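No Cβ is skipped: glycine too gets one built from the backbone with ideal geometry, and neighbour counts run over all protein chains shown. Quick note: the coordinates plus some simple rules give every number you see, no bench work behind them.
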Amino acid sequence: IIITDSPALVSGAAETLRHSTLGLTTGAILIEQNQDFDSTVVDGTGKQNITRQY
Amino acid sequence: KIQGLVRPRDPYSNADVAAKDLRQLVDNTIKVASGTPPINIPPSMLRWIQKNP
């Protein structure tokens with residue numbers, strides 16, 4: 001039993017709180033992470049210190 | 001170009017002819033500034049279709 005504090009497994013609160021347990025078989029879930037990751041480093045001026053964001 | 005550089009002359013007469021001067025015309029080459037509007041190139045669209053951004 002692989003337990004996880006996943007929000008996808010809790011729905012409601014108090015009396016309306018319900019839990020979900022998945023009996024996955026082999027290959028039940030598939031996550032094909034696409035190699036399309038992108039990122040940027042935009043720095044900014046006009047301030048006391050260089051304002052850099054990610 | 002002097003407009004009246006050559007003029008009819010009367011040797012028998014001796015009237016004064018208006019003094020003439022030479023002036024200088026100037027050409028001109030105007031500078032034209034061109035450019036390109038901001039072209040949006042989001043990497044997301046190319047990545048969604050698996051294209052090098």
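Points to keep in mind about this one:
- Yes/no for residue B:36 being among the polar types (S, T, N, Q) and under 30 Å from residue A:36 (Cα atoms): yes
- The residue list A:21, A:40, A:4 contains one member that is within 21 Å of the chain's Cα centre (by Cα), within 14 Å of chain B (Cβ to nearest Cβ) and part of a loop (DSSP other than H, G, I, E, B), which is A:40.
- Residue within segment B:15-37 that is in a loop (DSSP other than H, G, I, E, B), loosely packed, with under 10 Cβ neighbours inside 10 Å, within 14 Å of chain A (Cβ to nearest Cβ) and out of contact with any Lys or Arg (no Cβ under 9 Å at 6 or more places or on another chain) present: no
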